[PDB]
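**Student:** When you line the sequence shown up against the deposited numbering, it's residues 1 to 19, 32 to 53, 64 to 186, 219 to 278, in that order.
I have a structure I would like to understand better, so I am pasting it below and will then ask my questions one at a time.
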Amino acid sequence: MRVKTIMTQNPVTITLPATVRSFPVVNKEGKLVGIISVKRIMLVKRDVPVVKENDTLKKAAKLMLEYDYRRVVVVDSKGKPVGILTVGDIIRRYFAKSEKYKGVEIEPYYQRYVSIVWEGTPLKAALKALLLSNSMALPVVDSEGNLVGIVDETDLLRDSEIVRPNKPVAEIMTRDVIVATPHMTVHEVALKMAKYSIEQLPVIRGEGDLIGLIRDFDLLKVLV
Ligand SMILES: C[S@@+](CC[C@H](N)C(=O)[O-])C[C@H]1O[C@@H](n2cnc3c(N)ncnc32)[C@H](O)[C@@H]1O
């Protein structure tokens with residue numbers, strides 16, 4: 001599979017000078045000069071991964087892994103943006119739809135190292151851990167290390183005190231955790247990521263014995 005099949009075509013761009033998730037940045041001629049993210053409130067990053075629409079998904083995946091960046095801008099011969107390809111696109115439009123990955127377990131790809139947090143941890147400390155995690159979410163465990171929940175940035179909005219403060223993360227965590235196992239296929243993991251709109255599934259054994267984490271980013275390694 002090629003980039004052209006999985007990318008989102010004709011991305012909205014922003015031409016400099018100037019005052032979704034991010035917008036490709038171009039000059040007067042329309043050539044790509046960087047990308048700007050909404051979170052990053064020059065603020066434009068120049069060293070962004072780029073590919074052509076006829077390149078393989080493998081090439082785009084390699085670049086994402088190389089720059090530890092979640093998207094690549096697709097340009098034409100003129101170096102002008104004609105599409106955008108994100109990790110999300112690869113998961114939802116490719117891994118979750120292709121028949122090729124129904125026969126590939128995630129055992130060789132999931133992370134054995136995972137940042138977690140005890141459910142009794144005050145929110146601020148839990149947020150510090152989230153900030154220092156390579157995952158968008160922190161699996162939550164009880165006092166004995168058993169998996170009991172999971173939490174991410176969006177869960178902060180579950181705190182009624184935002185209507186305008220350092221309680222246990224247990225108060226905003228998601229209790230029903232969608233999990234994976236080492237033998238689960240890339241196909242099924244992607245199906246779950248797409249279905250629940252989540253970027254990671256804790257990897258377990260037994261009923262709640264945490265042994266790893268499979269992130270959408272980890273699935274890119276399958277393409278290599
Ligand atoms: C639907 S995801 C979307 C996150 C996306 N980055 C966003 O900003 O919209 C956010 C929710 O999924 C939950 N979540 C994350 N991973 C999960 C998992 N493995 N199992 C169950 N729920 C999960 C989080 O706790 C949170 O309530």
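All residues carry an ideal CB built from backbone N, CA and C; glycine is no exception.
Cβ atoms of residue 102 and residue 16: under 8 Å apart, would you say?
**Tutor:** No, the Cβ-Cβ distance between residue 16 and residue 102 is not below 8 Å.
**Student:** So, at 7 Å on beta carbons, what are the nonlocal neighbours of residue 73 in its own chain, with the 5 sequence-adjacent residues on each side left out?
**Tutor:** Cβ neighbours of residue 73 beyond the five flanking positions: 3, 81, 82, 85, 94, 96.
**Student:** Are the region 224-239 and the region 102-122 in contact at 8 Å, needing three or more beta carbon pairs?
**Tutor:** At 8 Å Cβ cutoff, the stretches do not touch.
**Student:** If we require 3 or more residues per run, which beta strand (DSSP E) segments fall completely within the region 66-136?
**Tutor:** You should have 93-97, 103-108.
**Student:** So which of 10, 268, 7, 11 has the shortest CA-CA distance to residue 135?
**Tutor:** Looking at the Cα atoms, 268 is the closest of the given residues.
**Student:** Is it true that the region 117-129 meets the region 236-245, where meeting means three or more beta-carbon pairs spaced less than 8 Å apart?
**Tutor:** Segments in contact, yes.
**Student:** What residues come near ligand 1, if near means a beta carbon less than 7 Å from any of its heavy atoms?
**Tutor:** Listed along the chain, these residues meet the criterion: 158, 159, 172, 173, 174, 175, 176, 177, 227, 228, 230, 231, 232, 233, 250, 251, 252, 253, 254, 255, 256.
**Student:** If I follow the unbroken beta strand (DSSP E) through residue 267, where does it start and stop?
**Tutor:** Segment 263-269, the beta strand (DSSP E) holding residue 267.
**Student:** Determine the direct distance from the alpha carbon of residue 122 to that of residue 227, and round the result to whole angstroms.
**Tutor:** The straight-line gap from Cα to Cα measures roughly 35 Å.
**Student:** For residue 133, which of 271, 1, 278, 277 has the nearest alpha-carbon?
**Tutor:** Residue 271 is the option with its Cα nearest to residue 133.
**Student:** Relative to the C-alpha of residue 52, which residue among 33, 38, 70 is closest?
**Tutor:** Taking only the C-alpha atoms, the option nearest residue 52 is 33.
**Student:** Can you tell me whether residue 5 is helix, strand or coil according to DSSP?
**Tutor:** Of the three classes helix, strand and coil, the one that applies to residue 5 here is helix, per DSSP.
**Student:** For residue 44, which of helix, strand or coil comes out of DSSP?
**Tutor:** Strand.
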